[PDB]
Amino acid sequence: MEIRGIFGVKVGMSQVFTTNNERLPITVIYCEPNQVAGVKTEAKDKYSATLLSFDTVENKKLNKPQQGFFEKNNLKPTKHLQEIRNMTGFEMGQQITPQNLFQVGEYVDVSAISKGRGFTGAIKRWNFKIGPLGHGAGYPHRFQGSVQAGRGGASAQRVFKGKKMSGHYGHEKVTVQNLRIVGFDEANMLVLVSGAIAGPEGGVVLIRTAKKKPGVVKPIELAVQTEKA
Amino acid sequence: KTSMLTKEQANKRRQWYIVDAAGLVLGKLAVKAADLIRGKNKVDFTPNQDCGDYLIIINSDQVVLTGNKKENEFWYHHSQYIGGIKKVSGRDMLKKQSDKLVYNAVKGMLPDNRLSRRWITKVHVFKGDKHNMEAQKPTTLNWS
Ligand SMILES: [Mg+2]
């Protein structure tokens, strides 16, 4: 549809108090104004999308083909370029800030590269269970269960494609939906999101308009103090 | 002993073709396509040299299946997982993917072989009349 998107860097997590007598955890996202670097139209390129360049860097610390692309296209050089499908209401060479995209208290979703958790075993990875430790249950008691599917040539005689065994976990993309936006800060070019955002403190964080609840907004205010002495 | 039979080798010359698959049926089209690809009709058919011609099939979605097959005969495709049967019906194949239908119906008619996978790539099945293969200067013949 009219999907709207923006990028930032997750700077950390804290909490803030609202009316309705509620405590609300918060993630804080530093959002430098972005810059559309290309627009794909439906007829011309068989689909629609908008290509956004961000994390401005000095021209020196940049590869030559990219800096040539930036000079030819009349942009500011950026370390990152990535694009959002089905962003339409924008043109070329324009600066985009989060204030110009999202209401004060509406619903977004956040994608971010998760926290790399190392080569981890099945029981932490797939929430499997641990063989009993009492009564002397033999030294391999932290395993993926029995991977059996059938013994003897008639039945199965193999392990099933897409089994659940140990492997690499973390450092993969995930997304949390319907997390509302609390407030902004134009001074610091900074935004506040409800909930907990995937990724380490300092990663790259994409915000899109939630597909589940596209335009839905329910306003949430703050809780200005009135106790002084 | 006797005179050794003549057999062309890397002496291949292949001419493109065009058939507009407007109102043909699947299988009767498919055998003709398979033979044209293999070069089975060539006067000098060497069984191991890909002596056959190229082929472009146009207006794939207009092909017809006789009888009530459009609702009763299914095409299956399985991934290697479990519960991976994707089962589609003739009416849905003549709409969603039609070129894949003719492609598969042609491929199965070729032998389990090492040129079969190199023969089948000589079949280009565009779904609609327009194409980008006007550059190769094909001939045009009806119902083959
Ligand atoms: Mg023992």
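Positions of Cβ are generated from backbone atoms using ideal geometry, with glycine treated the same way; all protein chains shown enter the neighbour counts. Coordinate-derived values only; no laboratory data.
Per-residue Cβ neighbour counts within 10 Å put A:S146, A:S194, A:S155 in the sequence A:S146, A:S155, A:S194, beginning with the fewest.
Net charge dipole, the protein assembly as shown: roughly 1980 debye, given to the nearest 20, about the Cα centre with Cβ charges of +1 for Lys and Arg and -1 for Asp and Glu. Summary of the geometry: region A:1-50 and region A:157-199, compared by the centres of their Cα atoms, lie 14 Å apart. Mean partner shielding of peptide B:116-127, defined as the number of other chain Cβ atoms within 10 Å of each residue Cβ, is 0. Checking every one of the chymotrypsin sites (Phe, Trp or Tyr not before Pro) in region A:24-61 against DSSP loop status and a limit of 16 other Cβ atoms within 10 Å picks out A:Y47.
Would you work out if region A:16-66 is rounded, prolate or oblate? Take a ≥ b ≥ c from the square roots of the eigenvalues of the alpha-carbon gyration tensor; rounded if a/c is under 1.5, else prolate when a/b is larger than b/c, oblate otherwise. Taking the square roots of the gyration eigenvalues as a ≥ b ≥ c, region A:16-66 is oblate. Our summary gives region A:37-165 a relative contact order of 17 percent, counting only alpha carbon pairs under 8 angstrom and 6 or more residues apart.
Site pair A:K129 and B:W16 shows an inter-label distance of 6.5 nm when each label is modelled 7 Å from Cα along Cα→Cβ.
Seen against the Cα atoms of chain B and their longest principal axis, helix B:26-38 is set at about 30 degrees. Relative to the compact-globule estimate of 2.2 N^0.38 Å, the Cα radius of gyration of the protein assembly as shown comes out at 1.48.
With each label modelled as a point 7 angstrom along the Cα→C-beta vector, the B:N113-B:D50 pair spans 1.2 nm.
Listed peptides A:177-189, B:132-144 appear in the order A:177-189, B:132-144 once ranked by packing, highest mean of other Cβ atoms within 10 Å at the front.
Based on C-alpha pairs under 8 angstrom that are at least 6 apart in sequence, chain B has a relative contact order of 34 percent. Counting Cβ atoms of other protein chains within 10 Å of each Cβ in B:78-90 and taking the mean gives 1.
The label-point distance for A:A149 and B:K87, in a model that sets each label 7 Å from Cα toward Cβ, rounds to 2.0 nm.
Shape analysis of region A:1-106 places it in the oblate category; the axes a ≥ b ≥ c from the Cα gyration tensor give an a/c of at least 1.5, with a/b not above b/c. Can you give me the angle between helix A:64-73 and the longest principal axis of chain A, using Cα atoms only, in degrees from 0 to 90, rounded to the nearest 10? The angle comes out at about 40 degrees. Contact order, relative form, for chain A: 31 percent (alpha carbon pairs under 8 Å, 6 or more residues apart, mean separation divided by residue count).
Here is the list for region A:1-75: trypsin sites (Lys or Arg not before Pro) lying in DSSP coil, each with at most 13 other C-beta atoms within 10 angstrom of its C-beta, are A:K46, A:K60, A:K61.
Dividing the C-alpha radius of gyration of chain B by 2.2 N^0.38 Å, with N its residue count, gives 1.20. FRET efficiency for the A:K40 to A:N178 pair, using the beta carbon distance and R₀ = 25 Å, is estimated at 0.35. Extent of region A:95-180 along its three principal axes (Cα atoms, max minus min coordinate, largest first): 64, 37, 21 Å. Between B:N104 and A:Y139, the C-beta separation translates, for a Förster distance of 35 Å, into a calculated FRET efficiency of about 0.10.
For region B:64-73, backbone phi angles converted through the Karplus equation (6.51, -1.76, 1.60; θ = phi - 60°) give residue-by-residue couplings of 10, 10, 5, x, 7, 4, 4, 10, 10, 9 Hz, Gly and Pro being listed as x. Across the options A:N188, A:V9, A:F143, the greatest Cα extent toward the positive end of the charge dipole of chain A (unit charges at beta carbon of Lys, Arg, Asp, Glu) belongs to A:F143. Exposure proxy shown here: for B:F74, A:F70, the number of other Cβ atoms within 10 Å sets the order, fewest to most, as B:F74, A:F70.
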